[PDB]
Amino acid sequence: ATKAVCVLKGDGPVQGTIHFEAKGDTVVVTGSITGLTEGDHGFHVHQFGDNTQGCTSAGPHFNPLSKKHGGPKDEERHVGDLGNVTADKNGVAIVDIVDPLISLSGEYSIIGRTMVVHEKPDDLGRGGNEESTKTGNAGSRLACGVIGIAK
């Protein structure tokens, strides 16, 4: 698997489509998210692709290596920590991330896992609260989708 897609939906107006593509040793994540409050929103891969209880059943961030919550460029970060997406005034967040830790195959494969867009910005583990080292204080999960294999 070299391509993947996620359709984000929640109990509200947030909705979006993320495309993943394996390019070399990185995964290029693109797509757009809408219905967002302008600003930064925590954007993470949660461990389970279980949507039976909304985004709630997606579990914690995907952290196969048992590291602490960080931002994408940190070394001490969860595999799922893709930091933040930014909604403009109109509520539109354009996603364009290149990540070397997430994968479409193997052990860090995120296929079958959940992409979650959060209510608040990810504090990147630099919040000076324990909550920050676990989730980045991104709060509630607005929309989420299971990452599936794409053509």
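Between two forms, the rigid core is defined as the largest C-alpha subset superposing within 1.5 Å. One-based numbering along the sequence shown.
The stretch that strays farther, by root mean square C-alpha distance over structures and residues in 5 other deposited structures of this protein after a rigid core fit, is 18 to 26, when 137 to 145 is set against 18 to 26. As recorded in the PDB entry, 18 to 26 is the stretch of 139 to 147 and 18 to 26 with the greater mean C-alpha temperature factor. Higher mean CA B-factor, judged across 98 to 106 and 45 to 53 from the recorded values: 98 to 106. When the C-alpha B-factors of 65, 124, 111, 116 are ranked from the entry, the top spot goes to 65. Per the PDB record, residue ranking by Cα B-factor puts residue 31 in the middle third of the chain. When the CA B factors of the chain's modelled residues are split into thirds, the value for residue 92 lands in the highest one.
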